[PDB]
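Please read the structure below before turning to the comments.
Numbering (PDB author numbering), first residue to last: 59 to 143, 150 to 311.
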């Protein structure tokens with residue numbers, strides 16, 4: 059297979075556990091994203107069958123994954139949101161829980177609290193703290209990778225504004241995973257936003273045994289490549305078009 063060929067090449071290049079590459083015939087970026095979601099759901103349902111605990115992030119790509127996810131029971135699973143706040153981790157986790165008839169936890173908190181004192185009180189409430197600690201110990205996690213630039217989801221939803229974007233640029237940010245903004249070396253930038261997010265940090269993510277990332281769109285190359293080089297990701301699910309571009 060050219061496909062198996064690309065998967066091998068990606069595993070060798072980035073030191074991945076696995077690369078799942080999806081063959082796009084003649085699809086737009088948008089049509090490829092839906093197909094990637096569908097195939098991710100199919101293939102990843104098999105891995106998820108094997109784990110006890112599953113952490114989920116947020117966003118459009120993960121929302122699509124969840125919509126495509128099959129109705130196979132896994133009643134002993136516990137699903138944990140990795141970030142506070150339709151596209152929200154809590155609602156995604158609940159929808160997956162309904163499909164698997166399993167357990168889930170709710171992160172009773174906003175994703176981004178600019179008020180430092182409030183952020184601090186919430187981070188220390190006991191049900192919030194317990195769900196955060198459960199996130200840190202999941203067997204596997206599914207995340208998206210995004211770029212805060214060129215009119216992204218977070219900006220279009222009013223999560224970050226243009227002044228936050230200029231701060232990120234000034235700080236040489238290249239991408240985000242689980243609303244943590246990282247530089248080219250894959251480390252969280254020293255920036256206010258990163259210290260005000262309620263959810264799993266990049267260093268916490270790096271300690272999860274299997275982190276799966278779903279990404280599409282060539283504008284995310286820089287973000288993805290940096291994440292992959294930093295070892296934040298163990299398994300990628302991407303299109304063959306994206307694979308060619310990042311190889």
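Idealized CB from N, CA, C, for every residue including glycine.
Between the region 297 to 308 and the region 274 to 284 there are three or more C-beta pairs closer than 8 Å, enough to call the two in contact. Sorting 257, 217, 249 and 208 by C-alpha distance to the C-alpha of residue 230 places 257 at the top. Taking the Cβ atoms as the reference, residue 164 lies roughly 6 Å from residue 131, within the contact range of under 8 Å. Three or more Cβ pairs closer than 8 Å define a contact, and the region 89 to 109 meets that threshold against the region 202 to 222.
Relative to the Cα of residue 97, the nearest Cα in the group 117, 124 and 72 belongs to 124. Taking 8 Å as the cut-off, the beta carbon of residue 277 is found no closer than this to the beta carbon of residue 290.
Our two residues, residue 71 and residue 264, have alpha carbons roughly 27 Å apart in a direct line.
The beta-carbon distance between residue 255 and residue 245, rounded to whole angstroms, is 6 Å. This is short enough to meet the 8 Å contact definition. The straight-line gap separating the alpha-carbon atoms of residue 99 and residue 127 is approximately 5 Å.
Out of 137, 112, 152 and 133, the CA that lies nearest to the CA of residue 122 is found in 152.
Residue environment analysis places residue 184 among the exposed positions, since fewer than 16 neighbouring C-beta atoms fall within 10 angstroms of its C-beta.
Inclusion of residue 261 and residue 297 in the CB contact set at 8 Å is not warranted, their separation being larger than that value. Counting along the chain, no beta strand (DSSP E) covers residue 97; the unbroken alpha helix (DSSP H) around it starts and ends at 87 to 106.
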